[PDB]
């Protein structure tokens, strides 16, 4: 399985800004942890990582995934979760499993973070576990894709 990991606006600043709220582990470190989760698990998974601050680049990437290459997406759309009907539509149209991850619990913050157009379009959502959420999503994606093969 190729699994695409899409990281949205501002995620590249992880570990460098607002450590109180988002922690001290960087985005690159999360990606190395995900690799280690696959390698140590001997999972038949190839991870591709992609970060961007552009809505259009997320949509382009999701559309790129219409192919025999990629079998699922794990996405943290950042602030676009709450605003991007376009990304939500791209997810709906992807026709492959998509899992949404948030570092924080978006039910427990400002009112404007409670809506997730993208999350509503995803099969499942994981929030509030920090970096561990991405490993949870990896566990879940492997299990989903194996279920679909069976």
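Residue numbers count along the first chain shown, from 1. Between two forms, the rigid core is defined as the largest C-alpha subset superposing within 1.5 Å.
Averaged as a root mean square over residues and superposed structures in 7 other deposited structures of this protein, CA distances to the shown form are larger in 64-72; the pair compared was 64-72 and 119-127 with a core fit. Look at the C-alpha B-factors of 36-44 and of 108-116. On average they run higher in 36-44. Stretches 10-18 and 130-138 differ in mean C-alpha B factor, with the higher average recorded for 10-18. Reading the B-factor column for the CA atoms of 125, 103, 66, 88 in the entry, the top value corresponds to 66. The PDB entry assigns residue 31 a C-alpha temperature factor belonging to the middle third of its chain's modelled residues. Split the chain's modelled residues into thirds by C-alpha temperature factor. Residue 97 is in the middle one. Residue-level temperature factors show residue 54 in the lowest third of its chain, judged at the C-alpha atom.
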